[PDB]
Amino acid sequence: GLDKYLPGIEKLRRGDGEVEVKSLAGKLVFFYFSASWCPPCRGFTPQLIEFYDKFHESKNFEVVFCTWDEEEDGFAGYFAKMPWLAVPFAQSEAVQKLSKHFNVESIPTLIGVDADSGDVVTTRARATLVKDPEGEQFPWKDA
């Protein structure tokens, strides 16, 4: 399932270390495309952090930060402010290929996929989360 979006990446960053991609078995995985240079990312990121802290365990999901920053030296500080996972800066080419696959043209963007099947669940979670902070309509499935 995730093999198609993150081919050959067995580990993702978490805090100061790494977690195995296999540890996402069974979860809904959101790819969060954002960057330190993105103005609207400033006000959206804290709304996603509040939703994640409330529901990542009870609604069984994970968030994987996919950076659009191009300065390697700002990655650590920007990701350190997030509580979830990240594709490492060195694997930025995988992030750019994923951005094209999902037709991401602006950021912030939040795409949810089922880890086991790889099926796309929602492509509009940035828009739907701000109108549903309590996740009453989660996982905001695409038609």
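Residue indices: 1-based, along the sequence shown.
- Looking at mean Cα B-factors across 28 to 36 and 82 to 90, the upper value is held by 82 to 90.
- Just going by the entry, 3 to 11 versus 133 to 141 on mean CA temperature factor gives the higher value to 3 to 11.
- Per the PDB record, residue ranking by Cα B-factor puts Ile49 in the lowest third of the chain.
- The entry lists a Cα temperature factor for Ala76 that places it in the highest third of the chain's modelled residues.
- Among all modelled residues in its chain, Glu62 ranks in the lowest third by Cα B-factor.
- Split the chain's modelled residues into thirds by C-alpha temperature factor. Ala125 is in the lowest one.
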